């Protein structure tokens, strides 16, 4: 299978006057490239995919593709939906805009059965000829892609090559790679990046890497090179910031931190997201001081 692995960043989407700040978006991607990141994920959960329009979805994918052009850095475009017809359309558009592959979150809200998830992802994978990474995050979607369903999809669909797990379930991570060691298991939970990689996971799709791309990329590369002691050292050092970045729903903390670090102009969200509480604003700022934040 063709794959997209390594250290990847779920890009925030900066807003300016209620609009996507396209100059800031490109500038933030160049900063990721300069700090060792292997791929960027425009318009995932961290990029506020649910509140962007389709036009804005396209704009972000195009900026990511153009900015990464000529670098080794790939674009794994967010393209999931609760509706299969919409997810198929987003997959086809992402392929046409030049994306290297697609990330596709399990349908949220409508709780498809395992048979329904299989048909959903089979339809998506059949619509394109680029790699497709499944994305399991049951705390947000209300459903779980089972290990059996993930493995069946990997085996039955040429394009489907692994899964981004955001499920707090290292047992499932063992289950997946013990029964199907050819798949690419990707960490979707920064605090446990190292345990997922040390069990044979092959990358991360990170929130923390927005702020500390050098540290998350180094963690990932240490682990892929089997230097577990050094990968664990960075994972341990990052625990405090990894946890505070979820003191409110992601991406409220990471955007707050990027604004405090001077990396975006304006702490703007799209409703129903909004600024953190005064107390959590202070906690994020405090945890940040313990880390060296790369500039532009």
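Numbering follows the first chain given and starts at 1.
*Asks:* Tell me which of 33 to 41 and 49 to 57 has the higher mean C-alpha B-factor in the deposited entry.
*Replies:* Between 49 to 57 and 33 to 41, it is 49 to 57 that shows the higher mean C-alpha B-factor.
*Asks:* Regarding 225 to 233 and 257 to 265, which shows the higher C-alpha temperature factor on average in the entry?
*Replies:* Here the higher of the two C-alpha B-factor means belongs to 257 to 265.
*Asks:* Among 165, 190, 148, 158, which carries the highest Cα B-factor?
*Replies:* Top of the list by C-alpha B-factor: 158.
*Asks:* Name the third of the chain's ranked CA B-factors that contains residue 275, choosing lowest, middle or highest.
*Replies:* Highest third, going by the recorded CA B-factors of the chain.
*Asks:* Taking the entry's C-alpha B-factors for this chain, is residue 282 in the lowest, middle or highest third?
*Replies:* Highest third.
*Asks:* Splitting the chain's C-alpha B-factors into thirds, which one does residue 154 fall into?
*Replies:* Lowest third.
*Asks:* Based on the entry's values, in what third of the chain does the Cα temperature factor of residue 109 lie: lowest, middle or highest?
*Replies:* It falls in the bottom third of the chain.
*Asks:* Using the B-factors in the PDB entry, rank residue 17's C-alpha atom against the chain and give the third, lowest, middle or highest.
*Replies:* CA B-factor rank for residue 17: highest third.
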